Amino acid sequence: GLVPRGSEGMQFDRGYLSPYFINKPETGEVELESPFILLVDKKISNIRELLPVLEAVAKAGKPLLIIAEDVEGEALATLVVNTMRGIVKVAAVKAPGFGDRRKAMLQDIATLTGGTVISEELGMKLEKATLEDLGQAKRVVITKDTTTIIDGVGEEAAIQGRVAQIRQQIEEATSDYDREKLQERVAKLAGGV
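Throughout, residue numbers begin from 1 within each chain and advance along the sequence as written. They need not agree with those in the entry, and any residue without coordinates is left out. The basis for the side-chain values is all heavy atoms of the structure; hydrogens and waters are excluded. Residues with missing side-chain atoms are left out of burial classes, side-chain pairs and their counts.

- Per the deposition metadata, X-ray crystallography was the technique used to determine this entry, at a resolution of 2.20 Å.

- The name the PDB entry gives the protein chain is 60 KD CHAPERONIN, with Escherichia coli as the organism.

Written out as structure tokens, the structure reads:
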């Protein structure tokens, strides 16, 4: 059936990784305005790797959303301290899904926001990540259970290309379940443009 609205935003069921990112206390949400978006395949644990991007984000003065397999240990704690001190306005959530679908959905976000996924295979290293690898969106709302990416800034053509590519996979799928999961990615991409 027809969705009778416009762009609600790309929503995924992964919430804030710490309650100290709660920006809006009355609702228990995180609300970042025009944030940079960091996309990482692996988990972020060591603080030695997040520093480089974090200080560059801190210097720029814009909020930051980190989407990684998981964000833990001292990396999480460093984000907590710096956010409480007001040095950086940062929120961190887990990449949605797992396995190859996690990887695929991460790339969907990257394409949508014009960011670059830091993967170990392609020669990248989180420490070497820069501001140009970061994606952007008009607003990110993070609840206990969900993350919503409103109006990614990615190239129209690339987003369209990603939607077509998914459509190629839906026609090549073997079951209703596989088709509906791929269809879900298409809905997510359409929601956040």
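Next, the rest of the story.
**Side note on the side chain of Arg162**
Piece 1. In this structure, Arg162 sits in helix α4 (residues 156-171).
Piece 2. In the analysis that follows, any N or O atom pair within 3.5 Å is treated as a polar contact, provided that within protein one partner can donate a hydrogen and the other can accept it, and provided that, for residues neighboring in sequence, both atoms belong to side chains. A polar atom in the side chain of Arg162 sits 3.0 Å from the backbone oxygen of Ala104. Think of it this way: any DSSP run of H or I at least four residues long counts as a helix, any run of E at least two long counts as a strand, and we number them from the N terminus.

**A few points about the pattern of salt bridges**
Piece 1. Whenever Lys or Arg places a side-chain nitrogen within 4 Å of a carboxyl oxygen from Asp or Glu, that contact is recorded as a salt bridge. Notably, a salt bridge pairs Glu184 with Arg101, separated by 2.7 Å at the nearest N-O pair. Placement of the pair is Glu184 in helix α5 (residues 176-191) and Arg101 in helix α3 (residues 99-113), with a sequence separation of 83 residues.
Piece 2. Notably, a salt bridge pairs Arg179 with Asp176, separated by 2.5 Å at the nearest N-O pair. Placement of both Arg179 and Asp176 in helix α5 is noted, with a separation of three residues, approximately one turn of the helix.

**Some thoughts on the packing of α4 against α5**
Piece 1. Every angle, taken between N-to-C directions, lies between 0 and 180 degrees, and every axis is a line fitted to C-alpha atoms, over only the stretch in contact when it is a helix. One way to put it is that α4 packs onto α5 with a least axis distance of 9 Å and a crossing angle of 170°. Relative to α5, α4 is oriented roughly antiparallel. Taken as a pair, α4 and α5 cross one another with a handedness that is left-handed. Within the contact between the two elements, α4 uses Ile159, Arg162, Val163, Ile166, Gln169 and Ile170 and α5 uses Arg179, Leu182, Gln183, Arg185, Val186 and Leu189. To sort the angles, those under 35 degrees are grouped as roughly parallel, those over 145 as roughly antiparallel, those from 65 to 115 as roughly perpendicular, and the leftovers as oblique. Helix crossings get a hand from a simple test, with the near helix turned counterclockwise from the far one by less than a right angle marking a left-handed crossing and a clockwise turn marking a right-handed one. Two residues form a contact once any of their heavy atoms are found within 4.5 Å.

**Overview of the packing of helix α1 (residues 47-60) against helix α2 (residues 73-84)**
Piece 1. Across the interface, α1 lies against α2 with an axial gap of 8 Å and an inter-helix angle of 35°. When α1 is examined against α2, the residues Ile47, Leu50 and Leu54 are found in contact with a partner set consisting of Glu74, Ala75, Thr78 and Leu79.
Piece 2. Taken together, the residues of the contact of α1 with α2 break down into five nonpolar, one polar and one charged. Classes in brief: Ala, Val, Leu, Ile, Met, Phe, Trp, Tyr, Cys and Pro nonpolar; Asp, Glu, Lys and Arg charged; the others, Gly included, polar.

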